[PDB]
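In what follows, a structure is listed as structure tokens, so that the remarks can point back to it.
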Amino acid sequence: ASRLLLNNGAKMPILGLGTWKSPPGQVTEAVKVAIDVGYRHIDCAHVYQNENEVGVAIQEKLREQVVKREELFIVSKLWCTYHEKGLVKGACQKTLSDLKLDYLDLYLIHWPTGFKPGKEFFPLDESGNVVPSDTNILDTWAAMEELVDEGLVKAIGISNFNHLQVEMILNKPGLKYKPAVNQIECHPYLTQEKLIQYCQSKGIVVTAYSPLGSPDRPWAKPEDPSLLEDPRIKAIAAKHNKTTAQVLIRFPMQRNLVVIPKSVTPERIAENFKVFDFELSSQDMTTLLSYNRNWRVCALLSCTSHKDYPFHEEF
Ligand SMILES: NC(=O)c1ccc[n+]([C@@H]2O[C@H](COP(=O)([O-])OP(=O)(O)OC[C@H]3O[C@@H](n4cnc5c(N)ncnc54)[C@H](OP(=O)(O)O)[C@@H]3O)[C@@H](O)[C@H]2O)c1
Ligand SMILES: O=C(O)Cc1nn(Cc2nc3cc(Cl)ccc3s2)c(=O)c2nccnc12
């Protein structure tokens, strides 16, 4: 089905548009095209530095009577420099102001790591280490719960949390709301079998990010692996008369994941949506899972000694 049920009773569309690295000058048109072709879920974040331009697109389509607000599923995220309990509400309200909305469908803790508060998204010491903050996941979570109580967000969740970090929230004394979603990197080179099994077993929906392997990530090398150019995945696409991107988007859907491919290119936005008219076989699924290499595109070397760095754990 085209939507998954969350723990608040809301239905989250299984396909969403990603917006990381969508330049402000191009993203408004990307969002408008996405809504026209049928996307009803947009994945946003303060750190993407383009929420105003995403907001413009949403407002235009609401005013054109293309969609009403209740048919859209808008996700944003709390950046690392705002983990302090007293900064969370302001951060959420700023995102809401930028998006020109009065509520979010889902608001995520972007990373488990708190960074020193300030103007810089990535505060670095003179040696290039990220400067942490004196914050912890449980206290941040309590501040996230308050946003639900106040009516600013319908659901809260996490992103880039490992299973122990998820467990820490689940076992919080006085927990008010369980996390609805854990958004994690997921693709054929990083299949995340253990963490997905964990999260699904705990009734947390998983969203797969970078499903095409983020070929526009800033730290890519032309030598690095390329899912969209992997000849084995091209073969699977050819067999179904689909593109490699369509195979990579359908793959997580058949694992009961939400998936959020990014594009600012209208043709690709439309292409990427054409994934509801075919099915990958059992063999195809097994084959794509067999490509796992624990190859992670989203991490920073500069964050690896943070107490809450998520990727030292096996899962
Ligand atoms: N929670 C987190 O920490 C986190 C981390 C990473 C990502 N995310 C979310 O997940 C989203 C998706 O991940 P991502 O942006 O890293 O990368 P991605 O969706 O895996 O790949 C995006 C790249 O693929 C290209 N592309 C898109 N569709 C294509 C197609 N049909 N044919 C060929 N190329 C295609 C895009 O080009 P063009 O745009 O130029 O067309 C862009 O270069 C993000 O935008 C963000 O919303 C979250
Ligand atoms: O956080 C994202 O959604 C993607 C993202 N990912 N990354 C890599 C990161 N890895 C980590 C690892 C940690 Cl532990 C904390 C924050 C980050 S951000 C970036 O450097 C970055 N820079 C600007 C905007 N988006 C990003």
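Chains: A, B, ... in order of the structure tokens. Residues: from 1 per chain. Ligands: from 1, in order shown.
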Given only C-alpha atoms and all ligand atoms, how would the per-residue table for chain A near ligand 2 read, listing every residue at most 9 Å away with its closest atom pair and distance in Å to one decimal, sorted by chain and number, as a tab-separated table?
```
residue	atom	partner	partner_atom_place_in_ligand_line	distance
A:20	CA	ligand 2	25 (N)	6.2
A:21	CA	ligand 2	24 (C)	7.3
A:44	CA	ligand 2	3 (O)	8.6
A:45	CA	ligand 2	3 (O)	7.1
A:46	CA	ligand 2	24 (C)	8.7
A:47	CA	ligand 2	24 (C)	5.2
A:48	CA	ligand 2	24 (C)	5.2
A:49	CA	ligand 2	24 (C)	8.0
A:77	CA	ligand 2	3 (O)	8.6
A:79	CA	ligand 2	1 (O)	8.2
A:80	CA	ligand 2	16 (C)	7.0
A:110	CA	ligand 2	1 (O)	6.5
A:111	CA	ligand 2	15 (C)	5.4
A:112	CA	ligand 2	14 (Cl)	6.9
A:113	CA	ligand 2	14 (Cl)	5.6
A:114	CA	ligand 2	15 (C)	8.1
A:115	CA	ligand 2	15 (C)	8.4
A:121	CA	ligand 2	23 (C)	8.0
A:122	CA	ligand 2	16 (C)	8.1
A:130	CA	ligand 2	15 (C)	8.9
A:159	CA	ligand 2	3 (O)	8.8
A:160	CA	ligand 2	14 (Cl)	8.0
A:209	CA	ligand 2	3 (O)	8.5
A:217	CA	ligand 2	6 (N)	8.2
A:218	CA	ligand 2	20 (O)	8.0
A:219	CA	ligand 2	20 (O)	8.6
A:297	CA	ligand 2	8 (C)	8.1
A:298	CA	ligand 2	8 (C)	4.9
A:299	CA	ligand 2	10 (N)	3.6
A:300	CA	ligand 2	10 (N)	4.3
A:301	CA	ligand 2	12 (C)	7.8
A:302	CA	ligand 2	12 (C)	7.9
A:303	CA	ligand 2	14 (Cl)	5.0
A:304	CA	ligand 2	14 (Cl)	6.6
A:305	CA	ligand 2	14 (Cl)	8.8
A:306	CA	ligand 2	14 (Cl)	7.2
A:308	CA	ligand 2	14 (Cl)	7.2
A:309	CA	ligand 2	14 (Cl)	4.7
A:310	CA	ligand 2	14 (Cl)	6.2
A:311	CA	ligand 2	14 (Cl)	7.8
```
List as a Markdown table every residue of chain A that is in contact with ligand 1, defined as an atom at most 8 Å from one of its atoms (using only C-alpha atoms and all ligand atoms), together with the nearest atom pair and the distance in Å rounded to one decimal, sorted by chain and then rising number.
```
| residue | atom | partner | partner_atom_place_in_ligand_line | distance |
| --- | --- | --- | --- | --- |
| A:17 | CA | ligand 1 | 47 (O) | 6.8 |
| A:18 | CA | ligand 1 | 47 (O) | 3.3 |
| A:19 | CA | ligand 1 | 45 (O) | 4.0 |
| A:20 | CA | ligand 1 | 45 (O) | 3.6 |
| A:21 | CA | ligand 1 | 15 (O) | 6.4 |
| A:22 | CA | ligand 1 | 39 (O) | 6.5 |
| A:42 | CA | ligand 1 | 47 (O) | 7.7 |
| A:43 | CA | ligand 1 | 47 (O) | 4.7 |
| A:44 | CA | ligand 1 | 47 (O) | 5.8 |
| A:45 | CA | ligand 1 | 47 (O) | 7.5 |
| A:77 | CA | ligand 1 | 1 (N) | 7.9 |
| A:110 | CA | ligand 1 | 1 (N) | 5.6 |
| A:111 | CA | ligand 1 | 3 (O) | 6.5 |
| A:159 | CA | ligand 1 | 1 (N) | 5.3 |
| A:160 | CA | ligand 1 | 3 (O) | 6.1 |
| A:183 | CA | ligand 1 | 1 (N) | 5.7 |
| A:184 | CA | ligand 1 | 1 (N) | 6.2 |
| A:185 | CA | ligand 1 | 5 (C) | 6.6 |
| A:208 | CA | ligand 1 | 10 (O) | 7.3 |
| A:209 | CA | ligand 1 | 10 (O) | 3.9 |
| A:210 | CA | ligand 1 | 13 (O) | 3.2 |
| A:211 | CA | ligand 1 | 20 (O) | 4.2 |
| A:212 | CA | ligand 1 | 20 (O) | 3.3 |
| A:213 | CA | ligand 1 | 20 (O) | 4.2 |
| A:214 | CA | ligand 1 | 17 (O) | 3.4 |
| A:215 | CA | ligand 1 | 43 (O) | 5.0 |
| A:216 | CA | ligand 1 | 43 (O) | 4.2 |
| A:217 | CA | ligand 1 | 16 (O) | 6.3 |
| A:228 | CA | ligand 1 | 33 (C) | 6.8 |
| A:243 | CA | ligand 1 | 31 (N) | 7.2 |
| A:244 | CA | ligand 1 | 32 (N) | 7.4 |
| A:245 | CA | ligand 1 | 31 (N) | 4.7 |
| A:246 | CA | ligand 1 | 31 (N) | 6.9 |
| A:259 | CA | ligand 1 | 10 (O) | 7.9 |
| A:260 | CA | ligand 1 | 11 (C) | 5.2 |
| A:261 | CA | ligand 1 | 19 (O) | 3.6 |
| A:262 | CA | ligand 1 | 19 (O) | 3.8 |
| A:263 | CA | ligand 1 | 39 (O) | 3.1 |
| A:264 | CA | ligand 1 | 39 (O) | 4.2 |
| A:265 | CA | ligand 1 | 41 (O) | 4.3 |
| A:266 | CA | ligand 1 | 41 (O) | 7.7 |
| A:267 | CA | ligand 1 | 31 (N) | 7.9 |
| A:268 | CA | ligand 1 | 31 (N) | 4.4 |
| A:269 | CA | ligand 1 | 28 (N) | 6.6 |
| A:271 | CA | ligand 1 | 31 (N) | 5.8 |
| A:272 | CA | ligand 1 | 31 (N) | 5.5 |
| A:298 | CA | ligand 1 | 5 (C) | 6.2 |
```
Please identify every residue of region 21-92 of chain A that has at least one atom no farther than 12 Å from an atom of region 96-107 of chain A, counting only C-alpha atoms, and for each give the shortest atom pair and the distance in Å to one decimal, arranged by chain then increasing number, as JSON lines.
```
{"residue": "A:28", "atom": "CA", "partner": "A:99", "partner_atom": "CA", "distance": 11.4}
{"residue": "A:40", "atom": "CA", "partner": "A:105", "partner_atom": "CA", "distance": 11.5}
{"residue": "A:41", "atom": "CA", "partner": "A:105", "partner_atom": "CA", "distance": 9.4}
{"residue": "A:42", "atom": "CA", "partner": "A:105", "partner_atom": "CA", "distance": 10.2}
{"residue": "A:43", "atom": "CA", "partner": "A:106", "partner_atom": "CA", "distance": 9.5}
{"residue": "A:44", "atom": "CA", "partner": "A:99", "partner_atom": "CA", "distance": 9.1}
{"residue": "A:45", "atom": "CA", "partner": "A:107", "partner_atom": "CA", "distance": 9.3}
{"residue": "A:46", "atom": "CA", "partner": "A:98", "partner_atom": "CA", "distance": 8.9}
{"residue": "A:48", "atom": "CA", "partner": "A:98", "partner_atom": "CA", "distance": 11.9}
{"residue": "A:49", "atom": "CA", "partner": "A:98", "partner_atom": "CA", "distance": 9.9}
{"residue": "A:50", "atom": "CA", "partner": "A:98", "partner_atom": "CA", "distance": 8.7}
{"residue": "A:51", "atom": "CA", "partner": "A:99", "partner_atom": "CA", "distance": 5.5}
{"residue": "A:52", "atom": "CA", "partner": "A:98", "partner_atom": "CA", "distance": 4.5}
{"residue": "A:53", "atom": "CA", "partner": "A:99", "partner_atom": "CA", "distance": 7.7}
{"residue": "A:54", "atom": "CA", "partner": "A:99", "partner_atom": "CA", "distance": 6.4}
{"residue": "A:55", "atom": "CA", "partner": "A:99", "partner_atom": "CA", "distance": 3.9}
{"residue": "A:56", "atom": "CA", "partner": "A:99", "partner_atom": "CA", "distance": 7.3}
{"residue": "A:57", "atom": "CA", "partner": "A:99", "partner_atom": "CA", "distance": 9.2}
{"residue": "A:58", "atom": "CA", "partner": "A:99", "partner_atom": "CA", "distance": 8.0}
{"residue": "A:59", "atom": "CA", "partner": "A:100", "partner_atom": "CA", "distance": 7.2}
{"residue": "A:60", "atom": "CA", "partner": "A:100", "partner_atom": "CA", "distance": 10.7}
{"residue": "A:62", "atom": "CA", "partner": "A:101", "partner_atom": "CA", "distance": 11.0}
{"residue": "A:69", "atom": "CA", "partner": "A:101", "partner_atom": "CA", "distance": 9.0}
{"residue": "A:70", "atom": "CA", "partner": "A:105", "partner_atom": "CA", "distance": 9.3}
{"residue": "A:71", "atom": "CA", "partner": "A:105", "partner_atom": "CA", "distance": 10.5}
{"residue": "A:72", "atom": "CA", "partner": "A:105", "partner_atom": "CA", "distance": 8.3}
{"residue": "A:73", "atom": "CA", "partner": "A:105", "partner_atom": "CA", "distance": 5.5}
{"residue": "A:74", "atom": "CA", "partner": "A:105", "partner_atom": "CA", "distance": 5.3}
{"residue": "A:75", "atom": "CA", "partner": "A:106", "partner_atom": "CA", "distance": 4.8}
{"residue": "A:76", "atom": "CA", "partner": "A:107", "partner_atom": "CA", "distance": 5.1}
{"residue": "A:77", "atom": "CA", "partner": "A:107", "partner_atom": "CA", "distance": 5.3}
{"residue": "A:78", "atom": "CA", "partner": "A:107", "partner_atom": "CA", "distance": 7.2}
{"residue": "A:79", "atom": "CA", "partner": "A:107", "partner_atom": "CA", "distance": 10.7}
{"residue": "A:88", "atom": "CA", "partner": "A:107", "partner_atom": "CA", "distance": 10.9}
{"residue": "A:89", "atom": "CA", "partner": "A:96", "partner_atom": "CA", "distance": 10.5}
{"residue": "A:90", "atom": "CA", "partner": "A:96", "partner_atom": "CA", "distance": 9.7}
{"residue": "A:91", "atom": "CA", "partner": "A:96", "partner_atom": "CA", "distance": 8.7}
{"residue": "A:92", "atom": "CA", "partner": "A:96", "partner_atom": "CA", "distance": 6.2}
```
Enumerate as a PDB file with C-alpha atoms, in the first residue's frame all residues of region 3-51 of chain A assigned to alpha helix (DSSP H) by DSSP on the backbone, naming them with the chain letters and numbers the document uses.
```
ATOM      1  CA  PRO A  24      17.151  27.307  -2.862  1.00  0.00           C
ATOM      2  CA  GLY A  25      17.099  28.661  -6.419  1.00  0.00           C
ATOM      3  CA  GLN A  26      15.839  25.305  -7.791  1.00  0.00           C
ATOM      4  CA  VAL A  27      13.863  23.595  -4.981  1.00  0.00           C
ATOM      5  CA  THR A  28      10.653  25.618  -5.270  1.00  0.00           C
ATOM      6  CA  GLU A  29      10.102  24.301  -8.773  1.00  0.00           C
ATOM      7  CA  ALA A  30      11.099  20.779  -7.677  1.00  0.00           C
ATOM      8  CA  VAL A  31       8.505  20.774  -4.901  1.00  0.00           C
ATOM      9  CA  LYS A  32       5.769  22.197  -7.131  1.00  0.00           C
ATOM     10  CA  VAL A  33       6.419  19.505  -9.757  1.00  0.00           C
ATOM     11  CA  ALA A  34       6.546  16.807  -7.081  1.00  0.00           C
ATOM     12  CA  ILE A  35       3.116  17.831  -5.774  1.00  0.00           C
ATOM     13  CA  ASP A  36       1.713  17.945  -9.295  1.00  0.00           C
ATOM     14  CA  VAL A  37       2.858  14.430 -10.117  1.00  0.00           C
ATOM     15  CA  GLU A  51      13.083  25.448   4.013  1.00  0.00           C
TER      16      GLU A  51
END
```
Q: Select from region 101-297 of chain A everything DSSP, run on the backbone, classes as strand (DSSP E or B), then give the selection as number ranges by chain.
A: A: 104, 106-109, 115, 124, 130, 132, 153, 156-159, 181-185, 187, 190, 205-209, 258-259, 262
Produce a file of the selected residues containing C-alpha atoms, as a short mmCIF file (atom, residue, chain, number, x, y, z; two decimals), in the first residue's frame.
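Final output, saved to result.cif:
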```cif
data_model
loop_
_atom_site.label_atom_id
_atom_site.label_comp_id
_atom_site.auth_asym_id
_atom_site.auth_seq_id
_atom_site.Cartn_x
_atom_site.Cartn_y
_atom_site.Cartn_z
CA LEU A 104 4.60 19.44 11.10
CA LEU A 106 6.70 14.56 11.87
CA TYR A 107 9.67 16.17 13.56
CA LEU A 108 12.90 14.19 14.01
CA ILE A 109 15.99 14.48 16.11
CA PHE A 115 26.81 20.15 19.01
CA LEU A 124 34.77 23.06 14.78
CA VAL A 130 33.26 18.98 16.11
CA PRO A 132 29.93 18.79 21.36
CA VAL A 153 3.97 18.55 15.57
CA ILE A 156 8.13 12.81 16.74
CA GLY A 157 10.96 10.50 15.88
CA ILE A 158 14.65 10.00 15.48
CA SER A 159 17.24 9.76 12.77
CA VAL A 181 10.04 6.75 12.94
CA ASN A 182 13.76 6.13 12.73
CA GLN A 183 15.17 7.60 9.49
CA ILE A 184 18.40 5.87 8.53
CA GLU A 185 20.66 5.46 5.51
CA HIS A 187 20.39 1.05 0.09
CA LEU A 190 24.09 -0.68 3.36
CA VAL A 205 8.53 2.82 11.08
CA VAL A 206 11.84 3.05 9.20
CA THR A 207 12.52 5.62 6.51
CA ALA A 208 15.37 4.85 4.08
CA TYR A 209 17.44 7.89 3.15
CA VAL A 258 9.38 4.65 3.62
CA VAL A 259 11.78 6.01 1.00
CA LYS A 262 15.95 13.45 -3.85
#
```
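The smallest atom-to-atom distance between residue 15 (chain A) and any of A:313, A:289, A:138, A:1, using only C-alpha atoms, is found for A:1.
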Q) Mind pulling up the distance from CA of residue 94 (chain A) to CA of residue 23 (chain A)? A)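 Straight-line distance from CA of residue 23 (chain A) to CA of residue 94 (chain A) works out to 19.4 Å.
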Q: Go ahead and compute the interatomic distance for CA of residue 162 (chain A) and CA of residue 126 (chain A), in Å to one decimal.
A: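 So the two atoms, CA of residue 162 (chain A) and CA of residue 126 (chain A), lie 29.3 Å apart.
Relative to CA of residue 14 (chain A), CA of residue 147 (chain A) is found at 24.2 Å.
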Q: Identify which of the residues A:129, A:226, A:95, A:7 lies closest to residue 188 (chain A), counting only C-alpha atoms when measuring atom-to-atom distances.
A: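 Under the stated criterion, the closest residue is A:226.
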